[PDB]
Participant: 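Submitted below is the structure of interest, expressed as structure tokens.
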Amino acid sequence: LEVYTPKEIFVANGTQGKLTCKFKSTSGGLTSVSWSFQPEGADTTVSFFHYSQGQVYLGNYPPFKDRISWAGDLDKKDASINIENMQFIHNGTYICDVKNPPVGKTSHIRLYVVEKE
Amino acid sequence: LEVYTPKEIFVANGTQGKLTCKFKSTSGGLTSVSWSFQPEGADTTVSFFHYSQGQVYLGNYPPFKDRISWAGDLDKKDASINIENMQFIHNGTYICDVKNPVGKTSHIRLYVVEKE
Amino acid sequence: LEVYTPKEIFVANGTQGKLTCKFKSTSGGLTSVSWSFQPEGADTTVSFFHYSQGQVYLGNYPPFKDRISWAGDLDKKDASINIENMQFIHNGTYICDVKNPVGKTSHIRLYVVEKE
Amino acid sequence: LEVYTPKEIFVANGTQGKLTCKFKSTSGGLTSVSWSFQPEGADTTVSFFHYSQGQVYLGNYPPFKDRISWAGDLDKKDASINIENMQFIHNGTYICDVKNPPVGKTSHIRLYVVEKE
């Protein structure tokens, strides 16, 4: 199992961010995706998205409320998500955790939200 | 791994349902719980709850909006959930899927009863 | 004691309707079942079926003549009945009354649908 | 609660039989009546009549089809019934089961149908 994420992305604030994850494995089925956020300059990460068995589940982290949508296809080995209307509180590191049975692999994105001016 | 669910529960409508799941295994850190609903008289199931790594994740099935809370403790081998203010649309079969390192599943037939 | 019926059922006309009742208690024996009919848009109810001690007893309500059969099992806590060849005169609310040593009641709103 | 039945009655065949039941209790609304038949020389009893909530319900026992009618009044503590056109197949023991919340008391009638000649 191999997981790719771009190292960094810059997103103009107020626009949609596309958090790309592509992975490599021998195989939908039992594979699961989880995304996590680590706010910049903080010590903690919040897991906010989980996908498995054709179902999207969301955490209750307020800054991501009504902003998160699935943009992947596990058959095409794509674990991506979109975040609407990104703002500065969304600066930080995003971490994708992919599990393909037969634990799991992770890749990090440093997301920079930029001033739209 | 072994998963238990009571075969049936009756919930007076307008009150809280307590969906009990107890499991048996040798270990809670890699353990995951999922809950599904099969509305009575349909053949679809909606997966609406997932728990792994100390985090509750919820699906967007409207009849469960703002009703679902975690009532378990994986260290105490308890994968239970609560559902607030149950109404007749919540009648059906609830399925708990627990994974330890594939899943084991147990079923509840939940009947919501007229509180009158 | 707890008594459950679905809130509603839709029965295509000319076909058999299956009136489900499931109950919860600590215990056949002295337990009894009665079913009643409230025709839509009237305020009368006719009690038309009674079950106690392995015996089905029927009332003399013409629209239910030769249509009613027991489909329960008090040991499996099932108090259901069947109604053959349901027509529009059978539209209304059905009420299951279950007694285990006063009783709880549950309601079905039964809609008979054009089979065309 | 106390329940009375006559010990025996003789009914000329082809005539109506009147199965008297009178009872004693402190109270009509929750009380129920049931009547049962034990055919002479058999070991089985068939329950064929039930009365509760102002409603008469009948069993499907063929010899009592279109023969059984309520002749009581629970307010007057009378749980009687009538049987039309009694024939020899109706010989036997009749049992009245009365229930009055606040479990029930029973009384037996040995009914002899007699040749009317």
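A, B, ... follow the sequence lines: proteins, then strands. Residue 1 opens every chain.
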Participant: Between the side chain of C/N13 and the main-chain N/O of C/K115, is any donor-acceptor distance below 3.5 Å?
Facilitator: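 The answer is yes, because a donor-acceptor pair under 3.5 Å joins these two groups.
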Participant: List the steps and the verdict of side chain to side chain contact (heavy atoms under 4.5 Å, CB included) for A/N85 and A/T15.
Facilitator: CA-CA 5 Å; A/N85 183 32; A/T15 83; over 6 Å; no
Participant: Just how far is it from atom OG of A/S34 to atom NZ of A/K99, taken to the nearest 0.5 Å?
Facilitator: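 It is 6.0 Å, given to the nearest 0.5 Å.
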Participant: Just wondering, do A/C21 and A/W35 contact through their side chains at under 4.5 Å, heavy atoms?
Facilitator: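 Answer yes - side chains close enough.
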Participant: Shortest non-hydrogen contact from A/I9 to A/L19?
Facilitator: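 Taking A/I9 first and A/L19 second, the nearest heavy atoms are CD1-CD2, 3.4 Å.
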Participant: Taking C/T5 for its side chain and C/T20 for its backbone only, find out whether a donor-acceptor pair lies under 3.5 Å.
Facilitator: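 Here the side-chain-to-backbone pair exists.
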Participant: Testing the basics here: between B/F88 and B/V113, what is the closest heavy-atom pair and its distance to 0.1 Å?
Facilitator: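 Minimum heavy-atom contact is CE2-C, 4.4 Å.
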Participant: Aromatic rings B/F48 and B/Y94: how do their planes relate, parallel, tilted or perpendicular, breaks at 30° and 60°?
Facilitator: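 Ring orientation, 0 to 90° scale: perpendicular.
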Participant: Check C/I89 against C/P63 and note the closest heavy-atom contact, atom names and distance.
Facilitator: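 Residues C/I89 and C/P63, closest heavy atoms: CD1-CB, 3.6 Å.
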Participant: If only side-chain N and O atoms count, and only distance matters, is there a donor-acceptor pair under 3.5 Å linking A/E84 with A/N82?
Facilitator: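 Side chains of A/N82 and A/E84: no pair found under 3.5 Å.
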Participant: Would you call A/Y4 and A/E2 a side-chain contact if the rule is heavy atoms closer than 4.5 Å?
Facilitator: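 Sidechains of A/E2 and A/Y4: no contact.
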Participant: Among pairs that include at least one residue of residues 65-80 of chain C, which meet side-chain hydrogen bond (donor to acceptor under 3.5 Å, both in side chains), considering only residues two or more places apart or in two chains?
Facilitator: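 Every pair satisfying side-chain hydrogen bond (donor to acceptor under 3.5 Å, both in side chains) with a residue in residues 65-80 of chain C: C/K22-C/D78, C/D78-C/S80.
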Participant: Take atom CD of A/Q38 as the centre, draw a 6.0 Å sphere, and report whether it contains more than 12 heavy atoms from other residues, nucleotides or ligands.
Facilitator: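 Yes, the 6.0 Å shell around CD holds more than 12 heavy atoms from other groups.
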Participant: Should we count NZ of D/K105 as having more than 12 external heavy atoms under 6.0 Å?
Facilitator: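 Counting neighbours around NZ of D/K105, 12 or fewer heavy atoms of other residues, nucleotides or ligands fall under 6.0 Å, so no.
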Participant: Quick one: closest heavy-atom pair of B/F23 and B/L1, and the distance?
Facilitator: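 Where B/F23 meets B/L1 most closely, the heavy atoms are CD1-CD1, 3.8 Å.
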Participant: Taking all heavy atoms of A/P39 and all of A/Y61, pick out the closest pair and write down the distance.
Facilitator: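 What the structure gives for the nearest pair is CG-OH, 3.8 Å.
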Participant: Do A/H90 and A/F64 have ring centres separated by under 6.0 Å?
Facilitator: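 When the ring centroids of A/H90 and A/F64 are compared, they turn out to be within the sub-6.0 Å range.
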Participant: Measure the CG-OH distance between D/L58 and D/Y51 for me, rounded to the nearest 0.5 Å.
Facilitator: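 That separation rounds to 12.5 Å.
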Participant: Would you indicate whether the side-chain heavy atoms of D/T31 and D/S25 approach each other to under 4.5 Å?
Facilitator: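 In short, these two side chains do not touch, never coming nearer than 4.5 Å.
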Participant: With a 4.5 Å heavy-atom cut-off, do C/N91 and C/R109 have their side chains touching?
Facilitator: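 Yes, close enough: below the 4.5 Å cut-off.
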Participant: Within this structure, what is the CD-CG distance for the pair B/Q53 and B/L74, rounded to the nearest 0.5 Å?
Facilitator: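 Going from CD on B/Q53 over to CG on B/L74, the span is 11.0 Å.
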Participant: How many angstroms lie between NZ in B/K18 and CD1 in B/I108, if you round to the nearest 0.5 Å?
Facilitator: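 Reported value, rounded in 0.5 Å steps: 13.0 Å.
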Participant: For C/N60, which residues count as a side chain to side chain donor-acceptor pair (under 3.5 Å) partner, sequence neighbours excluded?
Facilitator: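 Expected list: none.
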Participant: What I'd like to find out is whether the side chain of B/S27 reaches to under 4.5 Å of the side chain of B/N100, using heavy atoms alone.
Facilitator: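 Of all side-chain heavy-atom pairs linking B/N100 with B/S27, at least one is under 4.5 Å.
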Participant: Is any side-chain N of the basic residue among C/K7 and B/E114 closer than 4.0 Å to the acidic one's carboxylate O?
Facilitator: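 Salt bridge flag = no for B/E114 with C/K7.
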Participant: To the nearest 0.5 Å, what is the distance between CG (A/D97) and OG (A/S32)?
Facilitator: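 Between A/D97 CG and A/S32 OG, I get 7.5 Å after rounding to 0.5 Å.
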Participant: Does A/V33 offer a backbone N or O that forms a donor-acceptor pair with the side chain of A/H50 under 3.5 Å?
Facilitator: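 Yes; at least one donor-acceptor contact below 3.5 Å.
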Participant: Hey, what do you get for CZ (C/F49) to OH (D/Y57), rounding to the nearest 0.5 Å?
Facilitator: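 Those atoms lie 10.0 Å apart.
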